[PDB]
Each structure stands twice: as C-alpha cells, then as structure tokens.
$ cat my_file-v4.pdb   # PDB, C-alpha atoms
ATOM      1  CA  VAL S   4       0.000   0.000   0.000
ATOM      2  CA  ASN S   5       0.909   3.730  -0.248
ATOM      3  CA  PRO S   6       2.265   4.871   3.173
ATOM      4  CA  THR S   7       0.241   6.872   5.762
ATOM      5  CA  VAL S   8       2.080   9.321   8.073
ATOM      6  CA  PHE S   9       0.769  11.532  10.872
ATOM      7  CA  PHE S  10       1.674  14.904  12.411
ATOM      8  CA  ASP S  11       0.550  15.842  15.936
ATOM      9  CA  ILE S  12       0.146  19.676  15.694
ATOM     10  CA  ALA S  13       0.733  22.121  18.594
ATOM     11  CA  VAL S  14       0.064  25.878  18.990
ATOM     12  CA  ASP S  15       2.749  27.425  21.295
ATOM     13  CA  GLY S  16       3.210  23.867  22.654
ATOM     14  CA  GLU S  17      -0.550  23.195  23.363
ATOM     15  CA  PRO S  18      -1.911  20.054  21.611
ATOM     16  CA  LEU S  19      -4.163  21.035  18.666
ATOM     17  CA  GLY S  20      -4.762  17.515  17.161
ATOM     18  CA  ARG S  21      -3.643  14.910  14.586
ATOM     19  CA  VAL S  22      -3.411  15.180  10.752
ATOM     20  CA  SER S  23      -2.722  11.982   8.744
ATOM     21  CA  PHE S  24      -1.555  11.891   5.090
ATOM     22  CA  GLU S  25      -1.609   9.314   2.294
ATOM     23  CA  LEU S  26       1.657   9.456   0.253
ATOM     24  CA  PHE S  27       1.309   8.606  -3.494
ATOM     25  CA  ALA S  28       4.430   6.307  -3.595
ATOM     26  CA  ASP S  29       2.675   4.553  -6.574
ATOM     27  CA  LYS S  30       3.188   7.704  -8.764
ATOM     28  CA  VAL S  31       6.026   9.687  -6.981
ATOM     29  CA  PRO S  32       8.035   7.055  -4.998
ATOM     30  CA  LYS S  33      11.239   9.174  -4.549
ATOM     31  CA  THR S  34       9.255  12.250  -3.304
ATOM     32  CA  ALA S  35       6.969  10.062  -1.104
ATOM     33  CA  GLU S  36      10.053   8.236   0.466
ATOM     34  CA  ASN S  37      11.622  11.668   1.334
ATOM     35  CA  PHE S  38       8.530  12.861   3.309
ATOM     36  CA  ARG S  39       8.011   9.376   4.923
ATOM     37  CA  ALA S  40      11.645   9.189   6.277
ATOM     38  CA  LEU S  41      11.509  12.883   7.509
ATOM     39  CA  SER S  42       8.189  12.068   9.273
ATOM     40  CA  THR S  43       9.579   8.935  11.077
ATOM     41  CA  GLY S  44      12.924  10.629  11.946
ATOM     42  CA  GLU S  45      14.511   7.120  11.545
ATOM     43  CA  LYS S  46      17.678   8.746   9.992
ATOM     44  CA  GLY S  47      18.167  11.047  13.068
ATOM     45  CA  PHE S  48      16.670  14.205  11.536
ATOM     46  CA  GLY S  49      13.319  15.322  10.125
ATOM     47  CA  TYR S  50      10.106  17.256  10.750
ATOM     48  CA  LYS S  51       9.634  16.701  14.490
ATOM     49  CA  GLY S  52       9.793  20.067  16.379
ATOM     50  CA  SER S  53       9.630  22.045  13.055
ATOM     51  CA  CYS S  54       7.170  24.947  12.482
ATOM     52  CA  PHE S  55       4.676  25.980   9.767
ATOM     53  CA  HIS S  56       6.475  29.286   9.057
ATOM     54  CA  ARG S  57       4.023  30.518   6.369
ATOM     55  CA  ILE S  58       0.212  30.171   6.574
ATOM     56  CA  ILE S  59      -2.103  32.099   4.235
ATOM     57  CA  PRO S  60      -5.824  31.548   4.955
ATOM     58  CA  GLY S  61      -7.672  30.290   1.845
ATOM     59  CA  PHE S  62      -4.387  29.225   0.167
ATOM     60  CA  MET S  63      -2.032  26.821   2.038
ATOM     61  CA  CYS S  64       0.076  25.969   5.139
ATOM     62  CA  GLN S  65       3.828  25.833   4.349
ATOM     63  CA  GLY S  66       6.203  23.819   6.626
ATOM     64  CA  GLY S  67       9.221  21.515   6.630
ATOM     65  CA  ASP S  68      12.103  23.986   7.112
ATOM     66  CA  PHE S  69      13.744  22.057  10.021
ATOM     67  CA  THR S  70      17.224  23.663   9.401
ATOM     68  CA  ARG S  71      16.588  27.491   9.225
ATOM     69  CA  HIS S  72      12.913  27.670  10.419
ATOM     70  CA  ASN S  73      12.082  30.613   8.044
ATOM     71  CA  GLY S  74      11.689  29.213   4.444
ATOM     72  CA  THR S  75      15.414  29.451   3.418
ATOM     73  CA  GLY S  76      16.221  25.960   4.807
ATOM     74  CA  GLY S  77      15.389  22.222   4.780
ATOM     75  CA  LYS S  78      17.221  19.204   3.275
ATOM     76  CA  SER S  79      16.026  15.982   1.529
ATOM     77  CA  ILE S  80      17.196  12.458   2.478
ATOM     78  CA  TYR S  81      19.051  12.524  -0.937
ATOM     79  CA  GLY S  82      21.168  15.661  -0.267
ATOM     80  CA  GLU S  83      20.314  19.379  -0.103
ATOM     81  CA  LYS S  84      18.095  19.277  -3.263
ATOM     82  CA  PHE S  85      16.493  16.688  -5.661
ATOM     83  CA  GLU S  86      14.823  16.776  -9.110
ATOM     84  CA  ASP S  87      11.083  17.240  -9.875
ATOM     85  CA  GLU S  88      10.096  13.498 -10.180
ATOM     86  CA  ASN S  89       7.056  14.212 -12.427
ATOM     87  CA  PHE S  90       3.976  16.515 -12.703
ATOM     88  CA  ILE S  91       1.406  13.728 -13.155
ATOM     89  CA  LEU S  92      -0.635  14.703 -10.055
ATOM     90  CA  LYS S  93      -2.376  18.125  -9.953
ATOM     91  CA  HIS S  94      -3.475  20.639  -7.297
ATOM     92  CA  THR S  95      -7.089  19.457  -7.387
ATOM     93  CA  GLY S  96      -8.385  20.804  -4.028
ATOM     94  CA  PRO S  97      -8.091  21.226  -0.234
ATOM     95  CA  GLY S  98      -5.831  18.615   1.515
ATOM     96  CA  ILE S  99      -3.309  18.286  -1.392
ATOM     97  CA  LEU S 100       0.317  17.762  -0.185
ATOM     98  CA  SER S 101       2.865  19.318  -2.624
ATOM     99  CA  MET S 102       6.600  20.295  -2.519
ATOM    100  CA  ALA S 103       7.681  23.938  -2.028
ATOM    101  CA  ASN S 104      10.755  24.842  -4.148
ATOM    102  CA  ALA S 105      12.987  27.699  -5.388
ATOM    103  CA  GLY S 106      12.647  26.834  -9.112
ATOM    104  CA  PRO S 107      13.255  23.650 -11.160
ATOM    105  CA  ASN S 108      14.812  20.645  -9.346
ATOM    106  CA  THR S 109      15.140  22.412  -5.910
ATOM    107  CA  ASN S 110      13.005  19.950  -3.810
ATOM    108  CA  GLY S 111      14.254  19.809  -0.167
ATOM    109  CA  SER S 112      12.008  19.092   2.872
ATOM    110  CA  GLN S 113       9.619  22.094   2.510
ATOM    111  CA  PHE S 114       6.022  21.221   1.607
ATOM    112  CA  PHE S 115       2.548  22.763   1.643
ATOM    113  CA  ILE S 116      -0.954  21.585   2.551
ATOM    114  CA  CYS S 117      -3.538  23.201   0.184
ATOM    115  CA  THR S 118      -6.731  24.631   1.807
ATOM    116  CA  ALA S 119      -7.998  25.445  -1.744
ATOM    117  CA  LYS S 120      -7.647  24.174  -5.326
ATOM    118  CA  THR S 121      -4.299  25.801  -6.367
ATOM    119  CA  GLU S 122      -4.430  24.964 -10.131
ATOM    120  CA  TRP S 123      -2.058  27.888 -11.078
ATOM    121  CA  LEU S 124       0.711  25.716  -9.392
ATOM    122  CA  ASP S 125       0.012  22.699 -11.737
ATOM    123  CA  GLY S 126       3.318  21.754 -13.501
ATOM    124  CA  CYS S 127       5.481  23.952 -11.124
ATOM    125  CA  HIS S 128       5.168  21.921  -7.818
ATOM    126  CA  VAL S 129       5.305  18.103  -7.445
ATOM    127  CA  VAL S 130       2.075  16.772  -5.779
ATOM    128  CA  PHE S 131       2.809  13.660  -3.721
ATOM    129  CA  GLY S 132       0.002  13.149  -1.137
ATOM    130  CA  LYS S 133      -3.281  14.258   0.457
ATOM    131  CA  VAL S 134      -4.767  14.691   3.950
ATOM    132  CA  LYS S 135      -6.626  11.504   4.989
ATOM    133  CA  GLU S 136      -7.877  12.458   8.539
ATOM    134  CA  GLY S 137      -7.870  15.798  10.467
ATOM    135  CA  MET S 138      -8.760  18.287   7.680
ATOM    136  CA  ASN S 139     -10.460  20.135  10.620
ATOM    137  CA  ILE S 140      -6.983  20.413  12.285
ATOM    138  CA  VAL S 141      -5.602  21.950   9.021
ATOM    139  CA  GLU S 142      -8.622  24.401   8.978
ATOM    140  CA  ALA S 143      -7.853  25.376  12.637
ATOM    141  CA  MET S 144      -4.086  25.858  11.800
ATOM    142  CA  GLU S 145      -5.094  28.139   8.848
ATOM    143  CA  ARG S 146      -6.839  30.568  11.275
ATOM    144  CA  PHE S 147      -3.391  31.434  12.846
ATOM    145  CA  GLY S 148      -2.139  32.710   9.459
ATOM    146  CA  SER S 149      -2.336  36.155   7.749
ATOM    147  CA  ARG S 150      -2.312  37.644   4.187
ATOM    148  CA  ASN S 151       1.550  37.832   4.214
ATOM    149  CA  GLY S 152       1.819  34.377   5.910
ATOM    150  CA  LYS S 153       3.088  35.312   9.439
ATOM    151  CA  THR S 154       1.458  33.101  12.115
ATOM    152  CA  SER S 155       0.035  34.872  15.216
ATOM    153  CA  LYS S 156       1.249  31.804  17.262
ATOM    154  CA  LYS S 157       4.000  29.116  16.796
ATOM    155  CA  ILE S 158       2.403  26.136  14.882
ATOM    156  CA  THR S 159       4.681  23.086  15.404
ATOM    157  CA  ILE S 160       4.903  19.367  14.537
ATOM    158  CA  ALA S 161       5.129  18.154  18.169
ATOM    159  CA  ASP S 162       5.259  14.486  16.919
ATOM    160  CA  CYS S 163       5.183  12.599  13.600
ATOM    161  CA  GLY S 164       5.575   9.044  12.299
ATOM    162  CA  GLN S 165       4.308   6.351   9.900
ATOM    163  CA  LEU S 166       0.992   4.500  10.535
ATOM    164  CA  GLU S 167       1.021   2.764   7.135
TER     165      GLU S 167
END

$ encode --input "my_file-v4.pdb" --output "structure tokens"
Amino acid sequence: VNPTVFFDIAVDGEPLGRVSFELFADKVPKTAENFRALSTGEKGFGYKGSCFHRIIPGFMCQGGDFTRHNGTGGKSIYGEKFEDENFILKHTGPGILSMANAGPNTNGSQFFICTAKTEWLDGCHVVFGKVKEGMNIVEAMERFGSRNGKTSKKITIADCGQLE
C-alpha cells in the first residue's frame, strides 16, 4: 500500500490535534520516500519540532524547514536538493500535499498543505500526497495565518511518524 504518516500539531506547545496523510508512492516514490523518512525521523533528523512558518488563509500551510525555520532551509534524504520526479498529479483541491521549491529541481524538505484548489501551481510543484484524517486540524491551523503568511502563534509538529 501507499504509506500513511501523521503529524501531531501544537500551537505554542498546546496540543491542537492529529493530521494523517496518504503518500502517493505509486506515482512519486522518490518524493513520497523523502517525506516518509523525515516524518519517522529514523535517519536522526526530520520534521519533528519544526514549524509551519508561512500560513495564508484560503491558500495553504507551508512547513518543513527544520534547518533554518524561516523558508530558506530544509534538506532531503538525498542531499540538499532533488529533481522534480514528475507533474502527473495536480493541485485538485483542499488537503493536497505538494513540494515547495525555489525553481526547477530544488526539492528539499519544505512542503505545503492546500486549503484550496491551487491549479495555477500545476506543472510547477510536485504533488505527492493528500490529507486523509484531520482536515479540521488543518482548517484550525489556517486561522493562525495572515495575508503575508506570518502566524500569530508558533504552529509546530510536536510528533510525527508512519501508521502505514
């Protein structure tokens, strides 16, 4: 089966609740493996204790910068950066999990959770999963964001792992 991973989300260290994701290993196995390993922390680094640095209500929650905590950072399990695997999967609606980047072939650890259909990103950002449970937790998170993306409180991944 495709893997399932979870984040436990906290607001300034208070439990908010659990989000679980399906990873589309069947269509983007390299990109799915990256996010799975960073979620388990089996390699000794990954998402745990990292923040959603950029949240824009009605757009997306951006996270996964566990090096520099501000959108300049993050690293893949394959080195700093890796290639765009394909653009088969599209930004079809709320719950879509897609890679943030800084142009072609600059995939790291940074990702976003769509709270809308973001079709203008189709072909620019590799889609690799979707929210399975806790879309209400993502909707709560999205209320701590602003038009520029600054969060009014610290939104953290207190825990994460694989359920598969």

$ closest_residue --input "my_file-v4.pdb" --among "S:128, S:151, S:166, S:138" --to "residue 34 in chain S" --atoms "all atoms listed in the file"
S:128

$ atom_distance --input "my_file-v4.pdb" --atom1 "CA of residue 21 in chain S" --atom2 "CA of residue 155 in chain S"
20.3 Å

$ resolve_selection --input "my_file-v4.pdb" --expression "the PyMOL selection byres ((chain S and resi 56) around 12)" --output "ChimeraX atom specification"
/S:53-55,57-59,63-69,71-76,113-115,144-145,147-149,151-160

$ resolve_selection --input "my_file-v4.pdb" --expression "the PyMOL selection byres ((chain S and resi 42) around 12)" --output "MDAnalysis selection string"
chainID S and resid 6:11 23:24 26 35:41 43:53 67 69 79:80 112 160:167

$ atom_distance --input "my_file-v4.pdb" --atom1 "CA of residue 86 in chain S" --atom2 "CA of residue 101 in chain S"
13.8 Å

$ atom_distance --input "my_file-v4.pdb" --atom1 "CA of residue 135 in chain S" --atom2 "CA of residue 5 in chain S"
12.0 Å

$ closest_residue --input "my_file-v4.pdb" --among "S:77, S:33, S:116, S:91" --to "residue 134 in chain S" --atoms "all atoms listed in the file"
S:116

$ closest_residue --input "my_file-v4.pdb" --among "S:107, S:4, S:124, S:16" --to "residue 32 in chain S" --atoms "only C-alpha atoms"
S:4

$ residues_around --input "my_file-v4.pdb" --residues "residue 122 in chain S" --least-positions-apart "2" --cutoff "9 Å" --atoms "all atoms listed in the file" --output "PyMOL selection string"
chain S and resi 93-96+120+124-125

$ closest_residue --input "my_file-v4.pdb" --among "S:140, S:126, S:150, S:25" --to "residue 100 in chain S" --atoms "only C-alpha atoms"
S:25

$ closest_residue --input "my_file-v4.pdb" --among "S:111, S:102, S:15, S:139" --to "residue 89 in chain S" --atoms "only C-alpha atoms"
S:102

$ build_atoms --input "my_file-v4.pdb" --residues "range 12-25 of chain S" --atoms "N, CA, C and O atoms" --output "PDB file, in the coordinates of the input"
ATOM      1  N   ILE S  12      -0.070  18.209  15.849  1.00  0.00           N
ATOM      2  CA  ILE S  12       0.146  19.676  15.694  1.00  0.00           C
ATOM      3  C   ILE S  12      -0.064  20.362  17.039  1.00  0.00           C
ATOM      4  O   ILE S  12      -0.975  19.930  17.807  1.00  0.00           O
ATOM      5  N   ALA S  13       0.795  21.328  17.352  1.00  0.00           N
ATOM      6  CA  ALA S  13       0.733  22.121  18.594  1.00  0.00           C
ATOM      7  C   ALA S  13       0.757  23.604  18.234  1.00  0.00           C
ATOM      8  O   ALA S  13       1.291  23.973  17.142  1.00  0.00           O
ATOM      9  N   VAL S  14       0.076  24.394  19.055  1.00  0.00           N
ATOM     10  CA  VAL S  14       0.064  25.878  18.990  1.00  0.00           C
ATOM     11  C   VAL S  14       0.717  26.400  20.261  1.00  0.00           C
ATOM     12  O   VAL S  14       0.132  26.155  21.351  1.00  0.00           O
ATOM     13  N   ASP S  15       1.898  27.015  20.138  1.00  0.00           N
ATOM     14  CA  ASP S  15       2.749  27.425  21.295  1.00  0.00           C
ATOM     15  C   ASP S  15       2.800  26.270  22.303  1.00  0.00           C
ATOM     16  O   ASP S  15       2.680  26.522  23.506  1.00  0.00           O
ATOM     17  N   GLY S  16       2.932  25.041  21.813  1.00  0.00           N
ATOM     18  CA  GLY S  16       3.210  23.867  22.654  1.00  0.00           C
ATOM     19  C   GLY S  16       1.954  23.250  23.223  1.00  0.00           C
ATOM     20  O   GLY S  16       2.099  22.256  23.911  1.00  0.00           O
ATOM     21  N   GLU S  17       0.760  23.807  22.953  1.00  0.00           N
ATOM     22  CA  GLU S  17      -0.550  23.195  23.363  1.00  0.00           C
ATOM     23  C   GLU S  17      -1.034  22.250  22.269  1.00  0.00           C
ATOM     24  O   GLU S  17      -1.107  22.636  21.105  1.00  0.00           O
ATOM     25  N   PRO S  18      -1.406  20.995  22.610  1.00  0.00           N
ATOM     26  CA  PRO S  18      -1.911  20.054  21.611  1.00  0.00           C
ATOM     27  C   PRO S  18      -3.096  20.652  20.847  1.00  0.00           C
ATOM     28  O   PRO S  18      -4.059  21.075  21.463  1.00  0.00           O
ATOM     29  N   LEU S  19      -3.030  20.630  19.528  1.00  0.00           N
ATOM     30  CA  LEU S  19      -4.163  21.035  18.666  1.00  0.00           C
ATOM     31  C   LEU S  19      -4.892  19.787  18.137  1.00  0.00           C
ATOM     32  O   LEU S  19      -6.124  19.815  18.103  1.00  0.00           O
ATOM     33  N   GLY S  20      -4.169  18.755  17.697  1.00  0.00           N
ATOM     34  CA  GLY S  20      -4.762  17.515  17.161  1.00  0.00           C
ATOM     35  C   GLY S  20      -3.922  16.896  16.064  1.00  0.00           C
ATOM     36  O   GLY S  20      -2.788  17.416  15.787  1.00  0.00           O
ATOM     37  N   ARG S  21      -4.406  15.780  15.513  1.00  0.00           N
ATOM     38  CA  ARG S  21      -3.643  14.910  14.586  1.00  0.00           C
ATOM     39  C   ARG S  21      -4.120  15.119  13.137  1.00  0.00           C
ATOM     40  O   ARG S  21      -5.316  15.055  12.881  1.00  0.00           O
ATOM     41  N   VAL S  22      -3.186  15.304  12.215  1.00  0.00           N
ATOM     42  CA  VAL S  22      -3.411  15.180  10.752  1.00  0.00           C
ATOM     43  C   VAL S  22      -2.659  13.947  10.233  1.00  0.00           C
ATOM     44  O   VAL S  22      -1.472  13.812  10.489  1.00  0.00           O
ATOM     45  N   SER S  23      -3.306  13.171   9.387  1.00  0.00           N
ATOM     46  CA  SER S  23      -2.722  11.982   8.744  1.00  0.00           C
ATOM     47  C   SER S  23      -2.777  12.189   7.232  1.00  0.00           C
ATOM     48  O   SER S  23      -3.707  12.888   6.750  1.00  0.00           O
ATOM     49  N   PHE S  24      -1.757  11.697   6.538  1.00  0.00           N
ATOM     50  CA  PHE S  24      -1.555  11.891   5.090  1.00  0.00           C
ATOM     51  C   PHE S  24      -1.350  10.536   4.437  1.00  0.00           C
ATOM     52  O   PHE S  24      -0.507   9.758   4.942  1.00  0.00           O
ATOM     53  N   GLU S  25      -1.983  10.349   3.274  1.00  0.00           N
ATOM     54  CA  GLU S  25      -1.609   9.314   2.294  1.00  0.00           C
ATOM     55  C   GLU S  25      -0.498   9.852   1.401  1.00  0.00           C
ATOM     56  O   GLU S  25      -0.688  10.946   0.864  1.00  0.00           O
TER      57      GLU S  25
END
